[PDB]
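In case you want the letters, here they are:
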Amino acid sequence: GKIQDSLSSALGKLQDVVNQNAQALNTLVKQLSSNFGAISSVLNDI
Amino acid sequence: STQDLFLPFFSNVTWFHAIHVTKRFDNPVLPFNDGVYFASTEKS
Amino acid sequence: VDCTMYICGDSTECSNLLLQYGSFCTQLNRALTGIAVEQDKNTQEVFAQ
Amino acid sequence: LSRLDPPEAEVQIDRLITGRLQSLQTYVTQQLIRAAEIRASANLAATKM
């Protein structure tokens, strides 16, 4: 009883990563469409 | 984020006029700083 | 690491070569300061029981 | 800036960026391996605590 209604819809160890892959799969659009200090960031123009 | 010359949030600007519908006529030589923010507000 | 002053330091055109150019040292901070909160959190539950 | 010409010697800047970017790239990297290696030791530490 007492734990059938607070099971029904920040948890134990399952809230963690999908914050962060959401954070980090933003990033893979952005890593190499960042700097690399050349005249342009994509190699064929170099 | 990028780098552009934005205008500050509620920027300190200067309160000029062209009001006579008396005797207030203003058109000064004005400098060219880090991006201009000019508006020409009228009704007429 | 404050990124631009590590790379260039106090120079406009060196920074203005660094901006065709997305978010490296942005995400390098977000790499580093991302770990930086965690050792304090590692300090947190290692004593505060 | 001084010794040669800024509309040609930016190429002399241009390569000087990237190894410094690489050295920063390594330093964030080689910290990060040891970084959460400490927590992986520290979770053992707090558990004995």
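For this coordinate set, the PDB header names cryo-EM as the determination method and states a resolution of 4.4 Å.

Per the PDB entry, chain C goes by the name Spike glycoprotein and belongs to Severe acute respiratory syndrome coronavirus.

Going by the annotation in the PDB entry, the name recorded for chain A is Spike glycoprotein, with Severe acute respiratory syndrome coronavirus given as the source organism.

Focus: the overall build of chain C
Across its full length, chain C holds three helices and zero strands. N-terminal to C-terminal, the α/β element order of chain C is α-α-α. Here the C-alpha coordinates of chain C stretch approximately 50 × 20 × 10 Å along the principal axes. Taken across its 49 residues, chain C has 33% of its residues classed as buried. A total accessible area of about 3200 Å² is found for chain C, and carbon and sulfur atoms account for 56% of it.

Comments concerning the UniProt feature "disulfide bond" in chain C
Residues and elements named next belong to chain C. Of the disulfides catalogued by UniProt, the one between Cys3 and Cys25 is formed in the present coordinates, where the sulfur separation is 2.0 Å. Here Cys3, found in helix α1 (residues 3-7), pairs with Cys25, found in helix α3 (residues 24-44); they are 22 residues apart in sequence, far enough to count as distant. Overall, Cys3 belongs to the buried group, its relative accessible area being 7%.

Reading the values: rules and limits
Residues numbered from 1 in each chain as written, not as in the entry; some residues may be left out. Chains lettered and ligands numbered in written order. Part of a larger assembly, values for the part shown. Heavy atoms only, no water. Helix = DSSP H or I, 4+ residues; strand = E, 2+ residues; numbered from the N terminus. Buried < 20%, exposed > 50% of the residue type's maximum accessible area, 1.4 Å probe, protein only. Areas by Shrake-Rupley, 256 points an atom, 1.4 Å probe, with all protein chains shown as cover. Disulfide = S-S within 2.5 Å. UniProt positions renumbered as here; feature names shortened; annotations may be inferred.

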